[PDB]
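Below: one structure, written as structure tokens.
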Amino acid sequence: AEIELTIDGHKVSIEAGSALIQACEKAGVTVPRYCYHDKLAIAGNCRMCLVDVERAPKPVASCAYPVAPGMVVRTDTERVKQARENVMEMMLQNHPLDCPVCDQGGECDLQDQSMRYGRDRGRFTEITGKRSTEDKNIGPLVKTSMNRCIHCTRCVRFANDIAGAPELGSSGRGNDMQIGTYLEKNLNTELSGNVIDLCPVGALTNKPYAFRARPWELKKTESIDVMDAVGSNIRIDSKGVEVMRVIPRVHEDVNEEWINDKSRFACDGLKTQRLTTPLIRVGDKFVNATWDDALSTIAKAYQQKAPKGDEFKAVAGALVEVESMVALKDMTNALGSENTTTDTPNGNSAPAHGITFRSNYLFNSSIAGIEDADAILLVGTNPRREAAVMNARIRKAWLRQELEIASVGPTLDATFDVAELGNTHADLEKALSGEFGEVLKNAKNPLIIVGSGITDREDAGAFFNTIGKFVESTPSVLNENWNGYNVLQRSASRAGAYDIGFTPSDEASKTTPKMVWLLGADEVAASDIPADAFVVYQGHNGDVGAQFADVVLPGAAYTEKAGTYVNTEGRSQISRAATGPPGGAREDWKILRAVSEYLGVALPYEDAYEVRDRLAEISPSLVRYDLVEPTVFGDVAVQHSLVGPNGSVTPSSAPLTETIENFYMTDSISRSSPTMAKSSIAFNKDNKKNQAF
Amino acid sequence: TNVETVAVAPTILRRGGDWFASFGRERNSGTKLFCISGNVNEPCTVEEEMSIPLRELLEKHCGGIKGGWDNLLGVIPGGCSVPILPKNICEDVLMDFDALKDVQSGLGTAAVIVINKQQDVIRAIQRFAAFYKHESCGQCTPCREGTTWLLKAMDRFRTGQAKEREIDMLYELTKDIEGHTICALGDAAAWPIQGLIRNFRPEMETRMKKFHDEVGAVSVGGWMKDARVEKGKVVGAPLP
Amino acid sequence: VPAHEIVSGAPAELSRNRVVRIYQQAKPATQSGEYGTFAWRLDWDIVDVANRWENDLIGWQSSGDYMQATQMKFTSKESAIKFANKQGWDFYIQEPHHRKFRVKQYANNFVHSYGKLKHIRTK
Amino acid sequence: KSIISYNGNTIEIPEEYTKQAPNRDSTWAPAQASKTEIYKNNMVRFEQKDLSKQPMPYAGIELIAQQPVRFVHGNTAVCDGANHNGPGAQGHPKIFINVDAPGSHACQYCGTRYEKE
Ligand code: SF4
Ligand code: SF4
Ligand code: SF4
Ligand code: FES
Ligand SMILES: [Zn+2]
């Protein structure tokens, strides 16, 4: 229960056993700190957080001192001021005079706490000078300047405890103690870039970003990452027309304050390979063209081609926003087509988990649900690639409580112990009828995590049948307080696509289209497009589909528009445009509105308010931002969508394979990024830099 | 626990608590091993009652200070971590915790180290500073940086390449480390310096005069008017 | 709600075709200080055509949006909403996110493990 | 020499004015516009103008590459870029460079290279 103490005269009540710095923070008292961080284990090595406690004779470390009832604490005594000056004096004596060349300058806690709590001038003029440190190479993402290191050990605690990358540590002793790997090893983890945020000083910096900006010259915009389906909340720092960097912001229910390396470093893909003017194919070459020319060409191809019903096929890629998908579907329906497909394998057919209830394709346990887990079954899913921050969440839960994790599918390099039950559907049948099935039956908060990659299999229904039967039986897995059935999407647009029903009709998957419209669709193959088909590509980068196209239309990227995205949780989130689109590119829903007017079927909304209206018409949860609400239809959905229609499906003998071959390049932006290509070569498994033994 | 507190325990239990209490004064009772080292005629290791006078301990176990009690500069009672005793306090001081604490030192591990008038106390304290710089684990900033700064200052004080006010600064420097660290190695590192300043300031002032007459005029940090940076190095100065 | 729009002298387009955002600054990920996170900022969403473009002479960034650098500070979300209504500004409120509290204990770094260690803590 | 314009016509420029600096032919930064691109994008304002009068500063990267490595005994070289002839503080902030790793190591401020020996 909560106990009560006094800090600087004020009365504060805090849960028993919490650290004194937590009570100080709760009571609105500011305490300087370096090594303490809310998300890392307490260290107490920097000594900046000293306070006086009447029982204590000497000042105590606030970050590590447990609160007690009736405690009397003073943060403002002359002894405390003196101690702050003493500690800052000792911290600055070997620190390098690097501020003009250091990337931390202007957003540096050492600078700021020197100004607030330190002496105005130093006393250290020794003629033997300062200690110097070797620099260390830990890969192409994190540049090191280790003279600046103040030995707070935040990087080590993050790399060990949170990301599960034990290669980082501290070697030597005393004055010669050094953070590093003791020999040339990459800091090899998809979460590595977070250490740049955690380093209080410029010791670990963003290597692609180096020297390009100072913090005071950056416009800051709160927006949403679209590199995966987690929907991490981010701050985009831009200057003028270009985006400089991407940093996490706190959302304790989504990414908590981390992002993965793709979300952080694929931003440089937004300034290269961009689509800036409409293109028209003439022979074997593209030619630049006006918007009027290109839209007219689309209209003439439609008149000539004359698609009937489902000969107009629409395909939505991994990165598109909901408004664009809604406009594309409305225009496609007004053309008489029901052929609105997704860009994934077998996305010509409808998904086998169904579209009727949201709880059939979502993470029904919230992301925060993973904190309560006692047993987890992973089915055809490698979270470390599909949702990196959620993988970190699973590891944190595993480290702090007993929890049993098993998986059916490819062997995965995991940051937590996993029980491999085999790679086949027969293995799943055995498991759910065996010991781990019993584990799930007995647990208080079980959850089964199904990957979006199983949906893309032909035999998908088989799997969704098996799981479904099990779920319909086990009350611990599905009851009125807890839904443990979870589908983990990998692409930021899939949950919203299913939300608006961007799904083909049964007869539409039979037809051979004469006209194909790709909306950010760069997973398409040669096979998926008929040769006679007239192909329109709408996007922001030139990767694959643009190469397949007859007419190319430049659209805005996610940093250039205020879009809606639905994450795996079913959470509807709204982004903010940092910059405008380059050149002659356009907001994508406006593109669709114009082209529908060229096609006769001119859509009924030309304004942003009207588009948000239409969205509310389609689904009321798309306009209710940052909210998660449970389904009342949890039992109906499982029977009606997973167990019902999937009886006839015959399971294949083919083993489950890894869904994403390369974590670093998955969509058009990441495949346009020089940083992602460098990192893909640098962090490969067969490279000794990534091999501890 | 220490090995001597554990090793005496069965004898204590056999012979009774009152008997062990009978040796040494109140609150300093029993018999401790007293290793004696340094500038005594005969170094030794032996056990004795607590509260024994220092003069008597020396004369009767170790053959006395090399040169006689006139030739004694100081004594460190207990190991290097405790502040050194000047010549005129050990004539009256008892080898307890209470008596040593009252004169602002301690028993420590009862490791006596005597220093006669032929040796340099400044060099000995400099060596202790070097030891503490080498033995810091490096976890906490006040110790990890302060021990190195203390060693640099003591290297300059050894030759006299420093200004007199810097002594006060050195004193303040020890207070940066004392009471601010995770463990008590930092306090141990601060204490011998403080004993040195308190007891032998004029020694340091004499060495400073010797340098200033001998070599030249020195600025804070040990710089001098001909000293500057050249092609990677500092030239124009001794560089302790 | 008094329509002070019509007495300020501002352009009509400001209360017709512009949207503002009302929010609190997020705690920066780079620093531990929270001094800038309590105020309620009001600022304008960007306009696509007028936001920023490259000058062909020297390379400076030109702009046609006269609000691009303006940011109002309010002591409460309610004061900001009141002001925005009094100016006829269409707005969106972004509710702030805060760190969920949990109990942290230094001693937890040394808890005895009865089975196989899940990881080696290093300090 | 001959640069093809967006018009499709030819711009002639003497070879020596296509060099990024008199002491260097190519760019030394990814964001740096080359002389050829500058003329292609700004030729209107270069017509009836004398290129030989335009500013042509020497590239500092080659000049610093010409300076010999300084060899140092210990683990740490110290640099401040001071002017020993003038009074006052005329160099850069005094920094310490670690030379334990193989090869030469550059001063962050002035580019002077140090090496252990
Ligand atoms: S880390 Fe901070 S104090 Fe150190 S050089 Fe960089 S900006 Fe300056
Ligand atoms: S590199 Fe940065 S985060 Fe790591 S110990 Fe040094 S100062 Fe702390
Ligand atoms: S005081 Fe103790 S914990 Fe701190 S650096 Fe020195 S030896 Fe390590
Ligand atoms: S924050 Fe408490 S000692 Fe570092
Ligand atoms: Zn230099």
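Ordering of the structure tokens sets the chain letters (A, B, ...); residue numbers start at 1 within each chain; ligands are numbered from 1 in the order shown.
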
For this session: Within 10 Å of residue 335 (chain A), counting only C-alpha atoms, which residues show up once you throw out same-chain ones fewer than 2 positions away? Write them as a PyMOL selection string, please.
Result: chain A and resi 307-312+329-333+337-338+596+599-601

With C-alpha atoms retained, write the just-selected residues as a short mmCIF file (atom, residue, chain, number, x, y, z; two decimals), in the first residue's frame.
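Output (result-v8.cif):
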```
data_model
loop_
_atom_site.label_atom_id
_atom_site.label_comp_id
_atom_site.auth_asym_id
_atom_site.auth_seq_id
_atom_site.Cartn_x
_atom_site.Cartn_y
_atom_site.Cartn_z
CA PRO A 307 -13.39 -3.01 -68.09
CA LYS A 308 -16.66 -4.63 -67.11
CA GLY A 309 -17.32 -5.18 -63.42
CA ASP A 310 -14.28 -6.83 -61.84
CA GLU A 311 -11.82 -6.12 -64.64
CA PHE A 312 -10.71 -3.03 -62.66
CA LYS A 329 -12.31 1.55 -52.85
CA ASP A 330 -15.17 4.01 -53.36
CA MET A 331 -13.99 4.82 -56.88
CA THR A 332 -13.42 1.13 -57.64
CA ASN A 333 -16.92 0.22 -56.46
CA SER A 337 -15.65 -3.66 -59.50
CA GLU A 338 -15.36 -5.64 -56.29
CA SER A 596 -12.52 9.71 -60.55
CA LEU A 599 -13.56 8.73 -65.20
CA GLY A 600 -17.17 9.90 -64.81
CA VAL A 601 -17.56 8.53 -61.30
#
```

For this session: If you run DSSP over the backbone, which residues in region 25-173 of chain B end up strand (DSSP E or B)? Put them as a PyMOL selection string.
Result: chain B and resi 31-38+40+44-49+53+65+72-76+85-86+94+112-116

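Residue nearest ligand 1 within the list D:95, D:106, D:11, D:21: D:95 [criterion: smallest interatomic distance, only C-alpha atoms and all ligand atoms].
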
Problem set entry | Counting only C-alpha atoms, chain A residues within 10 Å of chain B, as a ChimeraX atom specification | /A:43-48,50,57-61,82-94,123-131,150-153,172-178

Exercise. Which of these, C:63, C:123, C:85, C:57, has the shortest distance to chain B once you count only C-alpha atoms?
Worked result: C:123

Exercise. Would you list which chain C residues are within 10 Å of chain A using only C-alpha atoms, as number ranges by chain?
Worked result: C: 21, 23, 25-35, 45-54, 60-63, 69, 94-109, 117-123

Provide as a short mmCIF file (atom, residue, chain, number, x, y, z; two decimals) with C-alpha atoms, in the first residue's frame the residues of chain A at most 8 Å from chain D, counting only C-alpha atoms.
```cif
data_model
loop_
_atom_site.label_atom_id
_atom_site.label_comp_id
_atom_site.auth_asym_id
_atom_site.auth_seq_id
_atom_site.Cartn_x
_atom_site.Cartn_y
_atom_site.Cartn_z
CA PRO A 96 36.70 16.72 -23.76
CA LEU A 97 36.27 20.30 -24.94
CA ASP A 98 34.15 19.05 -27.84
CA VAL A 101 31.99 19.55 -32.91
CA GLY A 129 46.20 17.17 -19.44
CA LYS A 130 43.21 14.89 -19.77
CA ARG A 131 42.60 11.20 -20.29
CA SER A 132 41.95 10.18 -23.88
CA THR A 133 40.11 7.09 -25.10
CA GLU A 134 40.25 5.00 -28.25
#
```

Exercise. When distances are computed from only C-alpha atoms, which of C:74, C:87, C:43, C:58 shows the smallest separation from residue 8 (chain C)?
Worked result: C:87

Kindly provide, as a PDB file with N, CA and C atoms, in the first residue's frame, the residues of chain D having any atom no farther than 10 Å from an atom of chain C, counting only C-alpha atoms.
```
ATOM      1  N   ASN D  41      22.652  24.794 -64.046  1.00  0.00           N
ATOM      2  CA  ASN D  41      21.471  25.343 -63.395  1.00  0.00           C
ATOM      3  C   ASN D  41      21.476  26.861 -63.279  1.00  0.00           C
ATOM      4  N   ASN D  42      22.587  27.532 -63.588  1.00  0.00           N
ATOM      5  CA  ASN D  42      22.672  28.971 -63.378  1.00  0.00           C
ATOM      6  C   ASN D  42      23.289  29.704 -64.565  1.00  0.00           C
ATOM      7  N   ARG D  45      22.781  33.618 -65.559  1.00  0.00           N
ATOM      8  CA  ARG D  45      23.490  34.652 -64.822  1.00  0.00           C
ATOM      9  C   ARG D  45      24.996  34.607 -65.035  1.00  0.00           C
TER      10      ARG D  45
END
```

For this session: Identify, on the basis of only C-alpha atoms, every residue whose closest approach to region 27-44 of chain B does not exceed 7 Å; exclude the query and any residue fewer than 4 positions from it along the same chain; express the result as JSON, numbers by chain.
Result: {"B": [20, 21, 22, 23, 48, 49, 50, 62, 63, 64, 65, 66, 96, 97, 110, 111, 112, 113, 114, 115, 116]}

For this session: Do me a favour and pick out the residues of chain D within 8 Å of chain B, using only C-alpha atoms, as a ChimeraX atom specification.
Result: /D:70-72,77-80,82,114

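Those residues in chain C carrying a DSSP assignment of helix (DSSP H, G or I), computed from the backbone, are residues 5, 6, 7, 8, 12, 13, 14, 15, 16, 77, 78, 79, 80, 81, 82, 83, 84, 85, 86, 106, 107, 108, 109 and 110 of chain C.
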
Exercise. CA of residue 211 (chain A) and CA of residue 245 (chain A) are how many Å apart?
Worked result: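 Those two atoms sit 12.0 Å apart.
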
Exercise. At what distance in Å, to one decimal, does CA of residue 283 (chain A) lie from CA of residue 550 (chain A)?
Worked result: 9.9 Å
